[PDB]
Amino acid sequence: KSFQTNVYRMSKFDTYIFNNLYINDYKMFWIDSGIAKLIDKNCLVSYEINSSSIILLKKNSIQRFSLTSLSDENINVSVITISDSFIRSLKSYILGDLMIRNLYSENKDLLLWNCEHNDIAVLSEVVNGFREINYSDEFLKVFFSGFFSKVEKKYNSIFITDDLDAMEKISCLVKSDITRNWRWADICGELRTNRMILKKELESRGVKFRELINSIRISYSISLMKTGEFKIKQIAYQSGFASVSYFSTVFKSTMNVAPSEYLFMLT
């Protein structure tokens, strides 16, 4: 209930490409074997990852990156999405060393951690739905809080962001009424904050207002598909779009696949 997991297949030189992918909850992913090339267009860097490389994606970030297989054998990419309720049950473990956390920055939204075998084992059983070694809530809180702490320490940057951060307020507001016809005036009035102030959250992420709203609605539609909802026409309108055609165009530009192709990837 605290984790949502998926496994995707990559064949030889296959490439997943994401543009303006809004991260609605903390995510992490890794490959099970072989070598892959990760190109991060936000940080203008590229590097190779292996079966020990764990990639962390920060909540409320807007991602622009590609992942390419460099291996002959088929690669499985495992993606874990961590629920906000679980993340908040961690706020007592992290923040328990808080004024050392005050000296951190907040630029990095895509982090890399080279882990050992036991980390992969715990994370793999999470993706397996806890069907073999089940874990207690205490073990998982200690494991994940310790994991985030040492990755934050490595980059000297905040990963678990605070609840009163401006982009979190904007995101939670849009997600609480996804079909509302959002405009700048609605955000300013609900947050009682000047547009000169809120616009910094969009500029530092490289998005206009419509692309921000569109990106949140796309990640909303992805959560809907993950529940087993299969009717694309329903998903388009449930996510707040005005037409199936516009939803599919925005989805394709974000995910590089048509909505129906991703829905089948989830099975």
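From 1 onward, residues are counted along the sequence shown.
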{"query": "Per the entry, higher mean C-alpha B factor between 92-100 and 150-158", "finding": "92-100"}
{"query": "Average Cα temperature factor in the PDB entry - higher stretch of 124-132, 110-118", "finding": "124-132"}
{"query": "Identity of residue with top Cα B-factor, from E168, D186, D72, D177", "finding": "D72"}
{"query": "Among modelled residues of the same chain, the CA temperature factor third for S33", "finding": "middle"}
{"query": "Ranked C-alpha temperature factor of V79 among modelled chain residues, by third", "finding": "lowest"}
{"query": "Third of the chain's Cα B-factor distribution that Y26 belongs to, per the entry", "finding": "middle"}
{"query": "Third of chain Cα B-factors occupied by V45", "finding": "highest"}
{"query": "Modelled-residue ranking by C-alpha temperature factor, third containing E211", "finding": "lowest"}
